[PDB]
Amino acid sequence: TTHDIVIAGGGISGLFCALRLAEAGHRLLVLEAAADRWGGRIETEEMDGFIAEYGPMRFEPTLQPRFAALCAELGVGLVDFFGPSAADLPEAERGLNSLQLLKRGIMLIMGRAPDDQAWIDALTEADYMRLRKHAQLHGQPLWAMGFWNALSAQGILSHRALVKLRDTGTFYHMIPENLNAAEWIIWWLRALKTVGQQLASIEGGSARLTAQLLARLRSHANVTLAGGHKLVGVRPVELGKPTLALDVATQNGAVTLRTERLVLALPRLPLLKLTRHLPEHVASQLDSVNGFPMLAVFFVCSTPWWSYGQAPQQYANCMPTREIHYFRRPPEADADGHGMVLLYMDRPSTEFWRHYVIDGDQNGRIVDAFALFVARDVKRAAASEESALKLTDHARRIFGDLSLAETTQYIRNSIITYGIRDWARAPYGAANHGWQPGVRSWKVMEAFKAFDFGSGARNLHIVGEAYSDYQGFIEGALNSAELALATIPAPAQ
């Protein structure tokens, strides 16, 4: 079968392109490799009555207008999230938490006063574009440097400030790979705006965005949705002509398709798997970004050791979990006193394994390692008297007495259900992506938004977060999508 447009990938960028293109009148097929679900890195589970988000959970709608507008268009309500969160240095640098020390370094790199919040607040995408293209540090373009290198530069931080960023986990958790300085500076500048505070979540779980989008698409007769179909090959039907032949694996076999246009709504790893089928000038740029790891771990406990309102805790260097969130039922509507713990572990999973997992299912060994981790935290709280972890007095005396081994066993045994998502694993290969130093991102984005095998047809496109100007977010996926959608002509009469 021939299709006028084929979109490979049913994550948010792919489905959004399907929507815009359907609305413009094109006839199109969306291929999604997973047999069981749509939405890609947007994944929500109901776990013992709790909403577990393996991907996005909270949003900042003022920083993410395309997302906000899409939600509004699809009748996806956003609900304000009010829940809780969070000496030896030189004079200038004493005072500041890690974020503020980072900000200072950035502000100084950009030749600004650290307190210059009005400039941060004023910066637009066009400013950001001039920053990546033109900003330099000691004569070197920032797009050419690692962000560690940038932060380490003459006149930016004291030698000790650098050490302190190391100890707070800045380089272990937040900036794990020393990626593109220009791109990191832009991203932090945006995130440091005043307006960047009002937090929301999606009513009914993040996957309600996907479900609404799917419902809309199902109402457009010029859209076909095919789950369980993975693009595994593409080439021109004939060299020098635009029409593409596609090879598609299904559950039970394969299908060969023809199309005039192919949207690859895919991140780095799935494109790497297609590398030999892609035009050379695109293939050779697939490593312009790297993938960031994330393991999202959820477990529901029959006998939680924390109360309603417990705030999330962030961890520092050498603690493989970036962050632990705690959840309880609303204390009026609390049938069972069950709680849920969400742990984000942002180090390479083979490093986590080699340090924390007893070899003698992998899932069960990982939960065990996490029970021990949590046990140490509970013991240190019980012994501490002032702790960010507000234990009860039931908990406080039990855990005070119990050994570490007994605390581990107790936590382990209280787990009635768990889920683990390792985003680094095939087929995703990453939670999100970042530009390499030495890459001019605007050139890659320009090449990827429309390209071909040399005929000039410009009828292949890459869209998604991975190679966007706003990595880490749905907003990035949507910006990348719009870049390519602006290159696609309205359908033939």
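The first residue of the sequence shown is number 1, and the count goes up from there.
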{"item": "Extent of unmodelled deposited sequence, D336 relative to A335", "value": "none"}
{"item": "Gap size, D361 back to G360 (deposited sequence, no coordinates)", "value": "4 to 9"}
{"item": "Mean Cα B-factor comparison, 54-62 or 433-441, giving the higher one as deposited", "value": "54-62"}
{"item": "Selected stretch [higher average CA B-factor]: 291-299 or 379-387", "value": "379-387"}
{"item": "Most elevated Cα B-factor in the entry, residues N180, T259, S349, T275", "value": "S349"}
{"item": "Criterion, highest CA B-factor; candidates, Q285, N149, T210, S201", "value": "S201"}
{"item": "Modelled-residue ranking by C-alpha temperature factor, third containing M47", "value": "highest"}
{"item": "Within-chain third of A492 by Cα B-factor, per the entry", "value": "highest"}
{"item": "Where the record places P242 (Cα B-factor, split into thirds across the chain)", "value": "middle"}
{"item": "Where the record places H229 (Cα B-factor, split into thirds across the chain)", "value": "lowest"}
{"item": "B-factor third for the C-alpha atom of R132 within its chain", "value": "middle"}
